[PDB]
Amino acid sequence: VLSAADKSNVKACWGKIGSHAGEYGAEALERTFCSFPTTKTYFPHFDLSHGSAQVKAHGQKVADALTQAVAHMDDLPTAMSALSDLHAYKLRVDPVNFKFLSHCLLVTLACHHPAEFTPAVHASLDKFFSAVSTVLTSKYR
């Protein structure tokens, strides 16, 4: 459960990142497919090759939901309820795969935004990405 300090860290970091989120989603997805090949099992209908425009497109969708998550950190079960059904009942992604993407998102933000990636902000984004990952792993039964 996200504190007052966490929310200001996240929103302040998400602002600096700004319009770049979508490209960071892309690279975070690429890094997930690269570093953890088992995640690609969920995307057999994707052209997954390096620099592919379906991964770019998809990472922008992932980014979109996260920006929407940044605005709704007081009630995340409500604002991700469409994604929540998609991930826990529709497709059903094993929770470990979320740890993979979450980590790779931190990797991407550290590579792109070093001045922002402080110890305290690193901490708040972890908390925020797994609070998103928990909502997403919901409706299994």
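Residues carry their position along the shown sequence, with the first being 1.
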Averaging only over Cα atoms, indicate whether 88 to 96 or 111 to 119 has the higher B-factor in the PDB entry.
-> 88 to 96
Between 62 to 70 and 35 to 43, name whichever shows the higher mean Cα B factor according to the PDB entry.
-> 62 to 70
Please place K11 in the lowest, middle or highest third of its chain by C-alpha B factor as given in the entry.
-> middle
Among all modelled residues of this chain, ranked by Cα B factor, put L76 in the bottom, middle or top third, i.e. lowest, middle or highest.
-> highest
Quick one: classify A82 as lowest, middle or highest third of the chain based on its Cα B-factor.
-> highest
For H103, does the deposited CA B-factor place it in the lowest, middle or highest third of the chain?
-> lowest
